[PDB]
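Q: Structure supplied as target-v5.cif; contents: mmCIF, N, CA and C atoms.
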```cif
data_query
loop_
_atom_site.label_atom_id
_atom_site.label_comp_id
_atom_site.auth_asym_id
_atom_site.auth_seq_id
_atom_site.Cartn_x
_atom_site.Cartn_y
_atom_site.Cartn_z
N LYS A 106 21.54 -22.28 1.12
CA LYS A 106 21.53 -21.11 1.98
C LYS A 106 22.39 -19.99 1.40
N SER A 107 21.91 -19.37 0.33
CA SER A 107 22.64 -18.29 -0.32
C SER A 107 22.59 -17.02 0.53
N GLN A 108 21.39 -16.60 0.89
CA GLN A 108 21.21 -15.40 1.70
C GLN A 108 20.70 -15.75 3.09
N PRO A 109 21.01 -14.89 4.07
CA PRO A 109 20.59 -15.08 5.46
C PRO A 109 19.09 -14.91 5.65
N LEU A 110 18.42 -14.40 4.62
CA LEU A 110 16.98 -14.18 4.66
C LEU A 110 16.59 -13.38 5.90
N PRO A 111 17.00 -12.10 5.94
CA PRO A 111 16.70 -11.21 7.06
C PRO A 111 15.23 -10.84 7.13
N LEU A 112 14.90 -9.88 7.99
CA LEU A 112 13.52 -9.43 8.15
C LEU A 112 13.36 -7.99 7.68
N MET A 113 14.45 -7.41 7.19
CA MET A 113 14.42 -6.03 6.70
C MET A 113 13.90 -5.98 5.27
N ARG A 114 13.68 -7.15 4.68
CA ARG A 114 13.19 -7.23 3.31
C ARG A 114 11.82 -7.91 3.27
N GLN A 115 11.70 -9.03 3.97
CA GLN A 115 10.44 -9.78 4.01
C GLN A 115 9.30 -8.89 4.48
N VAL A 116 9.62 -7.92 5.34
CA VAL A 116 8.61 -7.00 5.86
C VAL A 116 8.22 -5.97 4.82
N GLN A 117 9.16 -5.63 3.94
CA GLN A 117 8.91 -4.65 2.89
C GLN A 117 8.01 -5.23 1.81
N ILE A 118 8.27 -6.48 1.44
CA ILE A 118 7.48 -7.15 0.41
C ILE A 118 6.15 -7.63 0.97
N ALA A 119 6.17 -8.13 2.20
CA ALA A 119 4.96 -8.62 2.85
C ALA A 119 4.03 -7.47 3.22
N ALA A 120 4.55 -6.52 4.00
CA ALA A 120 3.77 -5.37 4.42
C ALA A 120 3.52 -4.41 3.26
N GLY A 121 4.54 -4.22 2.43
CA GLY A 121 4.41 -3.33 1.29
C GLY A 121 3.45 -3.87 0.24
N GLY A 122 3.54 -5.16 -0.03
CA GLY A 122 2.66 -5.77 -1.02
C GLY A 122 1.22 -5.85 -0.55
N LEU A 123 1.02 -6.37 0.66
CA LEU A 123 -0.32 -6.50 1.22
C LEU A 123 -0.98 -5.13 1.37
N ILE A 124 -0.33 -4.24 2.10
CA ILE A 124 -0.85 -2.90 2.31
C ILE A 124 -1.21 -2.23 0.99
N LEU A 125 -0.27 -2.24 0.05
CA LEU A 125 -0.49 -1.64 -1.26
C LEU A 125 -1.78 -2.16 -1.89
N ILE A 126 -1.87 -3.48 -2.02
CA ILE A 126 -3.05 -4.11 -2.61
C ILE A 126 -4.33 -3.53 -2.02
N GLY A 127 -4.41 -3.51 -0.69
CA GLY A 127 -5.58 -2.97 -0.03
C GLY A 127 -5.77 -1.49 -0.28
N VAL A 128 -4.83 -0.69 0.21
CA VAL A 128 -4.90 0.76 0.03
C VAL A 128 -5.13 1.12 -1.43
N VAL A 129 -4.72 0.24 -2.33
CA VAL A 129 -4.89 0.46 -3.76
C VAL A 129 -6.35 0.33 -4.17
N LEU A 130 -6.91 -0.86 -3.96
CA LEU A 130 -8.30 -1.12 -4.31
C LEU A 130 -9.22 -0.08 -3.68
N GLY A 131 -8.80 0.47 -2.55
CA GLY A 131 -9.60 1.47 -1.86
C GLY A 131 -9.43 2.85 -2.45
N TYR A 132 -8.18 3.27 -2.63
CA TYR A 132 -7.88 4.58 -3.19
C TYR A 132 -8.42 4.70 -4.61
N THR A 133 -8.62 3.56 -5.26
CA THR A 133 -9.14 3.54 -6.63
C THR A 133 -10.66 3.42 -6.64
N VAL A 134 -11.19 2.60 -5.74
CA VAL A 134 -12.63 2.40 -5.64
C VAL A 134 -13.30 3.57 -4.94
N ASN A 135 -12.49 4.47 -4.39
CA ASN A 135 -13.02 5.63 -3.69
C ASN A 135 -12.48 6.93 -4.30
N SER A 136 -11.21 6.91 -4.68
CA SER A 136 -10.57 8.08 -5.28
C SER A 136 -10.19 7.81 -6.73
N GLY A 137 -10.49 6.61 -7.20
CA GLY A 137 -10.17 6.24 -8.56
C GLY A 137 -11.35 6.38 -9.50
N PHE A 138 -12.56 6.32 -8.94
CA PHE A 138 -13.78 6.44 -9.73
C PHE A 138 -13.87 7.82 -10.38
N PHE A 139 -13.06 8.75 -9.89
CA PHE A 139 -13.05 10.11 -10.42
C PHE A 139 -12.12 10.22 -11.62
N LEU A 140 -10.93 9.64 -11.49
CA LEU A 140 -9.94 9.67 -12.57
C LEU A 140 -10.55 9.19 -13.88
N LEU A 141 -10.61 7.88 -14.05
CA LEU A 141 -11.17 7.29 -15.26
C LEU A 141 -12.33 6.35 -14.93
N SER A 142 -12.00 5.11 -14.61
CA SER A 142 -13.02 4.11 -14.27
C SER A 142 -12.73 3.48 -12.92
N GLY A 143 -11.45 3.19 -12.67
CA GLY A 143 -11.07 2.59 -11.41
C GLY A 143 -10.35 1.26 -11.60
N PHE A 144 -9.77 1.07 -12.78
CA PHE A 144 -9.05 -0.16 -13.08
C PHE A 144 -7.61 0.14 -13.49
N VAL A 145 -7.42 1.22 -14.24
CA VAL A 145 -6.09 1.61 -14.69
C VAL A 145 -5.21 2.02 -13.52
N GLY A 146 -5.80 2.72 -12.55
CA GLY A 146 -5.04 3.15 -11.39
C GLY A 146 -4.66 2.00 -10.49
N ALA A 147 -5.65 1.39 -9.85
CA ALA A 147 -5.41 0.27 -8.95
C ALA A 147 -4.74 -0.89 -9.68
N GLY A 148 -5.06 -1.03 -10.97
CA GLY A 148 -4.49 -2.10 -11.76
C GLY A 148 -2.99 -1.93 -11.96
N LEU A 149 -2.60 -0.78 -12.51
CA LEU A 149 -1.19 -0.50 -12.76
C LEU A 149 -0.38 -0.57 -11.46
N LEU A 150 -1.00 -0.14 -10.37
CA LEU A 150 -0.34 -0.15 -9.07
C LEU A 150 -0.08 -1.57 -8.60
N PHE A 151 -1.09 -2.43 -8.72
CA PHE A 151 -0.97 -3.82 -8.31
C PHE A 151 0.13 -4.53 -9.10
N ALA A 152 0.08 -4.38 -10.43
CA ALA A 152 1.07 -5.00 -11.30
C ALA A 152 2.48 -4.56 -10.93
N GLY A 153 2.64 -3.27 -10.67
CA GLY A 153 3.94 -2.74 -10.31
C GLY A 153 4.48 -3.35 -9.02
N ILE A 154 3.78 -3.11 -7.92
CA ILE A 154 4.20 -3.63 -6.63
C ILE A 154 4.31 -5.15 -6.66
N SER A 155 3.60 -5.77 -7.60
CA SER A 155 3.62 -7.22 -7.74
C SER A 155 4.97 -7.70 -8.26
N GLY A 156 5.32 -7.28 -9.46
CA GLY A 156 6.59 -7.67 -10.05
C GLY A 156 7.78 -7.24 -9.21
N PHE A 157 7.67 -6.07 -8.59
CA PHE A 157 8.74 -5.54 -7.76
C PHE A 157 8.94 -6.41 -6.52
N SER A 158 7.88 -6.59 -5.75
CA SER A 158 7.93 -7.39 -4.53
C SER A 158 8.47 -8.78 -4.83
N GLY A 159 8.01 -9.37 -5.93
CA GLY A 159 8.45 -10.70 -6.31
C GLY A 159 9.95 -10.77 -6.53
N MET A 160 10.46 -9.88 -7.38
CA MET A 160 11.89 -9.84 -7.68
C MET A 160 12.71 -9.63 -6.41
N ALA A 161 12.17 -8.84 -5.49
CA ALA A 161 12.85 -8.56 -4.22
C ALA A 161 12.83 -9.78 -3.31
N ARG A 162 11.65 -10.39 -3.16
CA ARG A 162 11.50 -11.56 -2.31
C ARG A 162 12.42 -12.69 -2.77
N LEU A 163 12.71 -12.72 -4.07
CA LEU A 163 13.58 -13.74 -4.63
C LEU A 163 15.05 -13.43 -4.36
N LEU A 164 15.44 -12.19 -4.62
CA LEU A 164 16.82 -11.76 -4.39
C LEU A 164 17.15 -11.77 -2.90
N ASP A 165 16.12 -11.83 -2.07
CA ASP A 165 16.31 -11.85 -0.62
C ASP A 165 16.17 -13.27 -0.08
N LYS A 166 15.12 -13.96 -0.51
CA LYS A 166 14.87 -15.33 -0.06
C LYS A 166 14.35 -16.19 -1.21
N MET A 167 15.14 -16.27 -2.28
CA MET A 167 14.76 -17.07 -3.44
C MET A 167 14.32 -18.47 -3.03
N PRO A 168 13.32 -19.01 -3.73
CA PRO A 168 12.79 -20.35 -3.45
C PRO A 168 13.77 -21.45 -3.82
N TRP A 169 15.02 -21.29 -3.39
CA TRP A 169 16.06 -22.28 -3.68
C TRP A 169 15.62 -23.67 -3.25
N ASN A 170 15.80 -23.98 -1.97
CA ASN A 170 15.41 -25.29 -1.44
C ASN A 170 13.92 -25.34 -1.17
N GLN A 171 13.23 -24.23 -1.40
CA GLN A 171 11.79 -24.16 -1.18
C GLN A 171 11.06 -25.20 -2.01
N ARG A 172 11.69 -25.64 -3.10
CA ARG A 172 11.09 -26.63 -3.98
C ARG A 172 12.16 -27.58 -4.53
N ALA A 173 13.09 -27.98 -3.67
CA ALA A 173 14.16 -28.89 -4.07
C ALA A 173 13.61 -30.25 -4.46
N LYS B 106 32.10 -0.61 0.16
CA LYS B 106 31.25 -1.35 -0.76
C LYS B 106 30.86 -2.70 -0.18
N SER B 107 29.99 -2.69 0.83
CA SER B 107 29.55 -3.92 1.47
C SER B 107 28.62 -4.70 0.56
N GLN B 108 27.57 -4.04 0.08
CA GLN B 108 26.60 -4.68 -0.81
C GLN B 108 26.69 -4.10 -2.22
N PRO B 109 26.29 -4.91 -3.21
CA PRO B 109 26.32 -4.50 -4.62
C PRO B 109 25.27 -3.44 -4.93
N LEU B 110 24.39 -3.18 -3.98
CA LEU B 110 23.34 -2.19 -4.15
C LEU B 110 22.58 -2.43 -5.45
N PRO B 111 21.84 -3.55 -5.51
CA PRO B 111 21.05 -3.91 -6.69
C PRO B 111 19.85 -3.00 -6.89
N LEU B 112 18.98 -3.37 -7.82
CA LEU B 112 17.78 -2.58 -8.11
C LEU B 112 16.52 -3.41 -7.88
N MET B 113 16.70 -4.65 -7.46
CA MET B 113 15.58 -5.54 -7.20
C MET B 113 14.84 -5.13 -5.92
N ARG B 114 15.50 -4.32 -5.11
CA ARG B 114 14.91 -3.85 -3.86
C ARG B 114 14.72 -2.34 -3.87
N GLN B 115 15.71 -1.63 -4.41
CA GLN B 115 15.64 -0.17 -4.49
C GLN B 115 14.35 0.28 -5.14
N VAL B 116 13.80 -0.56 -6.01
CA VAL B 116 12.55 -0.25 -6.70
C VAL B 116 11.35 -0.45 -5.79
N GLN B 117 11.46 -1.41 -4.87
CA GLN B 117 10.38 -1.70 -3.94
C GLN B 117 10.28 -0.63 -2.86
N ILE B 118 11.44 -0.19 -2.36
CA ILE B 118 11.48 0.83 -1.33
C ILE B 118 11.16 2.21 -1.90
N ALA B 119 11.67 2.48 -3.10
CA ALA B 119 11.44 3.76 -3.76
C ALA B 119 10.01 3.85 -4.28
N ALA B 120 9.63 2.90 -5.12
CA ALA B 120 8.29 2.87 -5.69
C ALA B 120 7.24 2.54 -4.63
N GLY B 121 7.60 1.62 -3.73
CA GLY B 121 6.68 1.23 -2.68
C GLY B 121 6.43 2.34 -1.68
N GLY B 122 7.48 3.08 -1.34
CA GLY B 122 7.35 4.17 -0.39
C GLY B 122 6.56 5.33 -0.95
N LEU B 123 6.92 5.76 -2.15
CA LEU B 123 6.24 6.88 -2.80
C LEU B 123 4.79 6.54 -3.09
N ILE B 124 4.57 5.44 -3.81
CA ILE B 124 3.23 5.00 -4.15
C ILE B 124 2.37 4.85 -2.90
N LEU B 125 2.89 4.13 -1.92
CA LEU B 125 2.17 3.91 -0.67
C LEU B 125 1.69 5.23 -0.07
N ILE B 126 2.61 6.18 0.07
CA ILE B 126 2.28 7.48 0.62
C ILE B 126 1.09 8.10 -0.10
N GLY B 127 1.15 8.11 -1.43
CA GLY B 127 0.07 8.67 -2.22
C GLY B 127 -1.22 7.88 -2.10
N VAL B 128 -1.18 6.62 -2.51
CA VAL B 128 -2.35 5.75 -2.44
C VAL B 128 -2.96 5.77 -1.05
N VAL B 129 -2.14 6.06 -0.05
CA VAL B 129 -2.60 6.12 1.33
C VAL B 129 -3.39 7.39 1.60
N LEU B 130 -2.77 8.53 1.34
CA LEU B 130 -3.42 9.82 1.55
C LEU B 130 -4.76 9.89 0.82
N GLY B 131 -4.87 9.12 -0.27
CA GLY B 131 -6.10 9.10 -1.03
C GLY B 131 -7.12 8.13 -0.47
N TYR B 132 -6.68 6.91 -0.21
CA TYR B 132 -7.57 5.88 0.33
C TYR B 132 -8.09 6.28 1.71
N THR B 133 -7.38 7.19 2.37
CA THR B 133 -7.77 7.65 3.69
C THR B 133 -8.62 8.92 3.59
N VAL B 134 -8.23 9.82 2.70
CA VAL B 134 -8.96 11.07 2.51
C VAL B 134 -10.23 10.85 1.70
N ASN B 135 -10.39 9.64 1.18
CA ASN B 135 -11.56 9.29 0.38
C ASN B 135 -12.30 8.10 0.98
N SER B 136 -11.54 7.11 1.43
CA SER B 136 -12.12 5.90 2.02
C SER B 136 -11.79 5.82 3.50
N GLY B 137 -11.07 6.82 4.00
CA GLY B 137 -10.70 6.84 5.41
C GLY B 137 -11.62 7.71 6.24
N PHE B 138 -12.27 8.67 5.59
CA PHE B 138 -13.18 9.58 6.27
C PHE B 138 -14.37 8.82 6.85
N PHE B 139 -14.56 7.59 6.38
CA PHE B 139 -15.66 6.76 6.85
C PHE B 139 -15.28 6.01 8.13
N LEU B 140 -14.07 5.45 8.13
CA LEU B 140 -13.58 4.71 9.29
C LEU B 140 -13.70 5.54 10.56
N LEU B 141 -12.73 6.42 10.78
CA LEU B 141 -12.72 7.28 11.96
C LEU B 141 -12.68 8.75 11.56
N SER B 142 -11.47 9.26 11.32
CA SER B 142 -11.30 10.66 10.94
C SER B 142 -10.50 10.76 9.64
N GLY B 143 -9.46 9.94 9.52
CA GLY B 143 -8.63 9.96 8.33
C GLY B 143 -7.18 10.24 8.64
N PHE B 144 -6.77 9.96 9.87
CA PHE B 144 -5.39 10.19 10.29
C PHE B 144 -4.76 8.90 10.82
N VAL B 145 -5.56 8.11 11.54
CA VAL B 145 -5.08 6.86 12.10
C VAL B 145 -4.74 5.86 11.00
N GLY B 146 -5.57 5.82 9.96
CA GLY B 146 -5.34 4.91 8.86
C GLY B 146 -4.13 5.30 8.03
N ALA B 147 -4.24 6.43 7.34
CA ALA B 147 -3.15 6.91 6.50
C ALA B 147 -1.88 7.14 7.31
N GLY B 148 -2.06 7.53 8.57
CA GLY B 148 -0.92 7.78 9.44
C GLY B 148 -0.16 6.51 9.77
N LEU B 149 -0.86 5.53 10.33
CA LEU B 149 -0.24 4.26 10.69
C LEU B 149 0.41 3.60 9.48
N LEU B 150 -0.21 3.76 8.32
CA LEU B 150 0.31 3.19 7.09
C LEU B 150 1.62 3.85 6.69
N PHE B 151 1.65 5.18 6.72
CA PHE B 151 2.84 5.93 6.37
C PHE B 151 4.02 5.55 7.27
N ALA B 152 3.80 5.61 8.58
CA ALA B 152 4.84 5.27 9.54
C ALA B 152 5.35 3.85 9.32
N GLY B 153 4.42 2.94 9.03
CA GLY B 153 4.80 1.55 8.79
C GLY B 153 5.75 1.40 7.62
N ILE B 154 5.25 1.69 6.42
CA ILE B 154 6.06 1.58 5.21
C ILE B 154 7.30 2.47 5.30
N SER B 155 7.24 3.47 6.17
CA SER B 155 8.36 4.39 6.35
C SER B 155 9.54 3.69 7.01
N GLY B 156 9.34 3.23 8.24
CA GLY B 156 10.39 2.55 8.96
C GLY B 156 10.86 1.29 8.26
N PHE B 157 9.92 0.60 7.61
CA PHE B 157 10.24 -0.63 6.90
C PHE B 157 11.16 -0.35 5.71
N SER B 158 10.69 0.50 4.80
CA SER B 158 11.47 0.85 3.61
C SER B 158 12.85 1.35 4.00
N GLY B 159 12.91 2.19 5.03
CA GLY B 159 14.17 2.73 5.49
C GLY B 159 15.14 1.65 5.91
N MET B 160 14.67 0.73 6.75
CA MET B 160 15.51 -0.36 7.24
C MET B 160 16.01 -1.22 6.08
N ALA B 161 15.17 -1.37 5.06
CA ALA B 161 15.52 -2.17 3.90
C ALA B 161 16.53 -1.44 3.02
N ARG B 162 16.25 -0.18 2.73
CA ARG B 162 17.14 0.63 1.89
C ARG B 162 18.54 0.71 2.50
N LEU B 163 18.60 0.66 3.83
CA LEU B 163 19.88 0.72 4.53
C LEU B 163 20.57 -0.64 4.53
N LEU B 164 19.81 -1.69 4.80
CA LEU B 164 20.35 -3.04 4.82
C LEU B 164 20.85 -3.45 3.44
N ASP B 165 20.39 -2.74 2.42
CA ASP B 165 20.80 -3.03 1.04
C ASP B 165 21.86 -2.04 0.57
N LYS B 166 21.58 -0.75 0.76
CA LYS B 166 22.51 0.30 0.35
C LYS B 166 22.70 1.32 1.47
N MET B 167 23.13 0.84 2.63
CA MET B 167 23.35 1.71 3.78
C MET B 167 24.22 2.90 3.40
N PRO B 168 23.93 4.06 4.00
CA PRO B 168 24.68 5.30 3.74
C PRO B 168 26.10 5.25 4.28
N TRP B 169 26.80 4.16 4.00
CA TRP B 169 28.17 3.99 4.46
C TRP B 169 29.03 5.19 4.06
N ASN B 170 29.56 5.15 2.84
CA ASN B 170 30.40 6.23 2.33
C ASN B 170 29.55 7.41 1.87
N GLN B 171 28.23 7.25 1.94
CA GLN B 171 27.31 8.30 1.53
C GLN B 171 27.59 9.60 2.29
N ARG B 172 28.19 9.47 3.47
CA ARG B 172 28.51 10.63 4.29
C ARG B 172 29.85 10.45 4.99
N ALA B 173 30.81 9.86 4.28
CA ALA B 173 32.14 9.63 4.82
C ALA B 173 32.86 10.95 5.08
#
```
Any chance you could give the structure as structure tokens?
A:
Amino acid sequence: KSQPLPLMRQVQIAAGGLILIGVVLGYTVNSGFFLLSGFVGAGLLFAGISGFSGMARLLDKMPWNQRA
Amino acid sequence: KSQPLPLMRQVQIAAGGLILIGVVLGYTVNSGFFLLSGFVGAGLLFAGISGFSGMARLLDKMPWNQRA
């Protein structure tokens, strides 16, 4: 039990990650087809929010005993 | 100096908030005009990630001495 695992972070990674993924595939499949093809935009966005959310979810509620 | 104010979260709230806002205004102004009008979607999304990111940014790097 390193961190108290609050809800001020889990909501950011959960809501931020999920929402992003969706709004991303949409903003790219609807507003991304104009830019280039629709993979670089939604793709780069997913990868970003992905690595970020992960690092945050760990620093907030790392899988310590999650896999003891 | 309550918290060390890391960057594992500051990146999620900063990048997540900014990106979300943009990807939202687009996914709604392009893929939202189909749903209803294009305000309920992008709007609810903005407010959501807004209050969330804020609560997180504060719980991590609250404006303690920021305005002492």
Q: Dump as a list in words the residues of chain B that approach chain A to within 6 Å, counting all atoms listed in the file.
A: residues 113, 114, 117, 128, 129, 131, 132, 135, 136, 157, 158, 160 and 161 of chain B
Q: Could you write out chain A as a compact mmCIF listing (two decimals) with N, CA and C atoms, keeping the file's coordinate frame once it has been least-squares superposed on chain B using every ordered C-alpha pair?
A:
```txt
# COMPACT_ATOMS: atom_id res chain seq x y z
N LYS A 106 32.06 -0.58 0.05
CA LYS A 106 31.22 -1.34 -0.86
C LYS A 106 30.82 -2.68 -0.25
N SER A 107 29.94 -2.65 0.74
CA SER A 107 29.48 -3.86 1.40
C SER A 107 28.54 -4.65 0.49
N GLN A 108 27.51 -3.99 0.00
CA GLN A 108 26.54 -4.63 -0.88
C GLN A 108 26.63 -4.08 -2.29
N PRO A 109 26.24 -4.90 -3.28
CA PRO A 109 26.26 -4.51 -4.69
C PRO A 109 25.22 -3.45 -5.03
N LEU A 110 24.31 -3.20 -4.09
CA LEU A 110 23.25 -2.21 -4.27
C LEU A 110 22.51 -2.46 -5.58
N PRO A 111 21.76 -3.58 -5.64
CA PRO A 111 20.99 -3.95 -6.83
C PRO A 111 19.80 -3.03 -7.05
N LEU A 112 18.93 -3.41 -7.98
CA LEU A 112 17.74 -2.62 -8.29
C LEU A 112 16.47 -3.37 -7.91
N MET A 113 16.64 -4.56 -7.35
CA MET A 113 15.50 -5.38 -6.93
C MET A 113 15.01 -4.94 -5.56
N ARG A 114 15.73 -4.01 -4.93
CA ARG A 114 15.36 -3.52 -3.61
C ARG A 114 15.04 -2.02 -3.67
N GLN A 115 15.91 -1.26 -4.32
CA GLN A 115 15.72 0.19 -4.45
C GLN A 115 14.37 0.50 -5.06
N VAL A 116 13.89 -0.39 -5.93
CA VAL A 116 12.59 -0.20 -6.59
C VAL A 116 11.45 -0.49 -5.64
N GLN A 117 11.68 -1.39 -4.69
CA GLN A 117 10.66 -1.76 -3.72
C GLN A 117 10.46 -0.65 -2.70
N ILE A 118 11.56 -0.06 -2.25
CA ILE A 118 11.50 1.02 -1.27
C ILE A 118 11.10 2.33 -1.93
N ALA A 119 11.62 2.58 -3.12
CA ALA A 119 11.32 3.80 -3.86
C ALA A 119 9.89 3.79 -4.37
N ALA A 120 9.54 2.76 -5.14
CA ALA A 120 8.20 2.64 -5.69
C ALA A 120 7.18 2.28 -4.60
N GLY A 121 7.59 1.41 -3.69
CA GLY A 121 6.70 1.00 -2.61
C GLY A 121 6.43 2.14 -1.63
N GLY A 122 7.47 2.88 -1.29
CA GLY A 122 7.31 3.99 -0.36
C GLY A 122 6.53 5.15 -0.96
N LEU A 123 6.93 5.57 -2.16
CA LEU A 123 6.25 6.68 -2.83
C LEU A 123 4.79 6.33 -3.11
N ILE A 124 4.57 5.24 -3.82
CA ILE A 124 3.22 4.80 -4.14
C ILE A 124 2.35 4.72 -2.89
N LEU A 125 2.85 4.04 -1.87
CA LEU A 125 2.12 3.89 -0.61
C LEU A 125 1.67 5.25 -0.08
N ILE A 126 2.63 6.15 0.10
CA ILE A 126 2.34 7.49 0.61
C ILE A 126 1.15 8.10 -0.13
N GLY A 127 1.21 8.09 -1.46
CA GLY A 127 0.13 8.64 -2.25
C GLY A 127 -1.17 7.88 -2.09
N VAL A 128 -1.16 6.63 -2.52
CA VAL A 128 -2.36 5.79 -2.42
C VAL A 128 -2.92 5.81 -1.01
N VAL A 129 -2.06 6.07 -0.03
CA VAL A 129 -2.48 6.13 1.36
C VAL A 129 -3.31 7.37 1.64
N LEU A 130 -2.71 8.54 1.44
CA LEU A 130 -3.40 9.81 1.67
C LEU A 130 -4.72 9.85 0.91
N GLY A 131 -4.78 9.13 -0.20
CA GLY A 131 -5.99 9.10 -1.01
C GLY A 131 -7.02 8.14 -0.48
N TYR A 132 -6.59 6.91 -0.20
CA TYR A 132 -7.49 5.88 0.32
C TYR A 132 -8.05 6.29 1.68
N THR A 133 -7.34 7.18 2.36
CA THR A 133 -7.78 7.66 3.68
C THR A 133 -8.62 8.93 3.55
N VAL A 134 -8.22 9.81 2.64
CA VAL A 134 -8.95 11.06 2.42
C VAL A 134 -10.21 10.82 1.61
N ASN A 135 -10.36 9.60 1.09
CA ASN A 135 -11.52 9.27 0.29
C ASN A 135 -12.26 8.06 0.89
N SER A 136 -11.50 7.10 1.38
CA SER A 136 -12.08 5.90 1.99
C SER A 136 -11.77 5.83 3.48
N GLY A 137 -11.06 6.83 3.97
CA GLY A 137 -10.71 6.87 5.37
C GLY A 137 -11.63 7.75 6.19
N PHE A 138 -12.28 8.71 5.52
CA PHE A 138 -13.20 9.62 6.19
C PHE A 138 -14.40 8.86 6.76
N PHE A 139 -14.58 7.63 6.31
CA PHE A 139 -15.68 6.80 6.77
C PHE A 139 -15.31 6.05 8.05
N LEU A 140 -14.11 5.48 8.05
CA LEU A 140 -13.62 4.73 9.22
C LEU A 140 -13.75 5.57 10.49
N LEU A 141 -12.78 6.44 10.71
CA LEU A 141 -12.78 7.30 11.89
C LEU A 141 -12.73 8.77 11.50
N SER A 142 -11.53 9.27 11.27
CA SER A 142 -11.34 10.68 10.88
C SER A 142 -10.54 10.78 9.60
N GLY A 143 -9.50 9.95 9.48
CA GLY A 143 -8.68 9.97 8.29
C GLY A 143 -7.21 10.25 8.61
N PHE A 144 -6.82 9.96 9.85
CA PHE A 144 -5.44 10.18 10.27
C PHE A 144 -4.83 8.89 10.80
N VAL A 145 -5.63 8.10 11.51
CA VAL A 145 -5.15 6.84 12.07
C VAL A 145 -4.82 5.84 10.97
N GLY A 146 -5.64 5.82 9.91
CA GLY A 146 -5.40 4.91 8.81
C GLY A 146 -4.18 5.29 8.01
N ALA A 147 -4.25 6.42 7.31
CA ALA A 147 -3.14 6.89 6.49
C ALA A 147 -1.89 7.12 7.33
N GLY A 148 -2.10 7.51 8.59
CA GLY A 148 -0.99 7.77 9.48
C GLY A 148 -0.22 6.50 9.81
N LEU A 149 -0.93 5.50 10.34
CA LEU A 149 -0.30 4.24 10.71
C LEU A 149 0.38 3.59 9.49
N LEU A 150 -0.24 3.76 8.33
CA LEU A 150 0.30 3.19 7.10
C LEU A 150 1.62 3.85 6.72
N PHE A 151 1.65 5.18 6.79
CA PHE A 151 2.85 5.93 6.46
C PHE A 151 4.01 5.55 7.38
N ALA A 152 3.74 5.56 8.69
CA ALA A 152 4.75 5.21 9.68
C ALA A 152 5.31 3.81 9.42
N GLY A 153 4.43 2.87 9.12
CA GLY A 153 4.85 1.51 8.86
C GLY A 153 5.78 1.41 7.65
N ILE A 154 5.27 1.76 6.48
CA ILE A 154 6.05 1.70 5.26
C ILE A 154 7.31 2.56 5.37
N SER A 155 7.26 3.55 6.27
CA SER A 155 8.40 4.44 6.48
C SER A 155 9.55 3.71 7.15
N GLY A 156 9.33 3.22 8.35
CA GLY A 156 10.36 2.50 9.08
C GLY A 156 10.84 1.26 8.33
N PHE A 157 9.91 0.60 7.65
CA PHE A 157 10.24 -0.61 6.90
C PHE A 157 11.16 -0.28 5.73
N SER A 158 10.72 0.63 4.87
CA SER A 158 11.49 1.04 3.70
C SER A 158 12.88 1.49 4.11
N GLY A 159 12.96 2.27 5.19
CA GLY A 159 14.23 2.77 5.67
C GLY A 159 15.19 1.65 6.04
N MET A 160 14.73 0.73 6.89
CA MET A 160 15.55 -0.40 7.32
C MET A 160 16.01 -1.22 6.12
N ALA A 161 15.15 -1.33 5.12
CA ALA A 161 15.47 -2.09 3.91
C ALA A 161 16.50 -1.36 3.06
N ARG A 162 16.26 -0.06 2.83
CA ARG A 162 17.16 0.74 2.02
C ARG A 162 18.57 0.75 2.62
N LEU A 163 18.65 0.60 3.94
CA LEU A 163 19.93 0.58 4.63
C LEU A 163 20.62 -0.78 4.48
N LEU A 164 19.87 -1.84 4.72
CA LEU A 164 20.40 -3.20 4.60
C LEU A 164 20.76 -3.52 3.15
N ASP A 165 20.25 -2.71 2.23
CA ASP A 165 20.52 -2.91 0.80
C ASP A 165 21.59 -1.94 0.32
N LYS A 166 21.44 -0.67 0.68
CA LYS A 166 22.40 0.36 0.28
C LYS A 166 22.64 1.35 1.41
N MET A 167 23.09 0.83 2.55
CA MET A 167 23.37 1.68 3.71
C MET A 167 24.23 2.87 3.33
N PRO A 168 23.97 4.02 3.96
CA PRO A 168 24.72 5.26 3.69
C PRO A 168 26.15 5.19 4.20
N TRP A 169 26.83 4.10 3.88
CA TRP A 169 28.22 3.91 4.32
C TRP A 169 29.08 5.10 3.91
N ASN A 170 29.55 5.10 2.67
CA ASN A 170 30.39 6.20 2.17
C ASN A 170 29.53 7.38 1.76
N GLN A 171 28.22 7.24 1.88
CA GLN A 171 27.29 8.31 1.52
C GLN A 171 27.58 9.56 2.33
N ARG A 172 28.21 9.39 3.49
CA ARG A 172 28.53 10.52 4.35
C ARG A 172 29.88 10.30 5.05
N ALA A 173 30.84 9.78 4.30
CA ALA A 173 32.18 9.53 4.84
C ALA A 173 32.86 10.82 5.24
```
Q: Would you compute the distance between atom C of residue B:107 and atom N of residue B:167? Give it in Å to one decimal.
A: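 It comes out at 8.1 Å.
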Q: Suppose you want the space between atom CA of residue B:152 and atom CA of residue B:166; what is it in Å?
A: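 Interatomic distance, atom CA of residue B:152 to atom CA of residue B:166: 20.5 Å.
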Q: What separation in Å, quoted to one decimal, exists between atom CA of residue B:139 and atom C of residue B:119?
A: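 Straight-line distance from atom CA of residue B:139 to atom C of residue B:119 works out to 28.1 Å.
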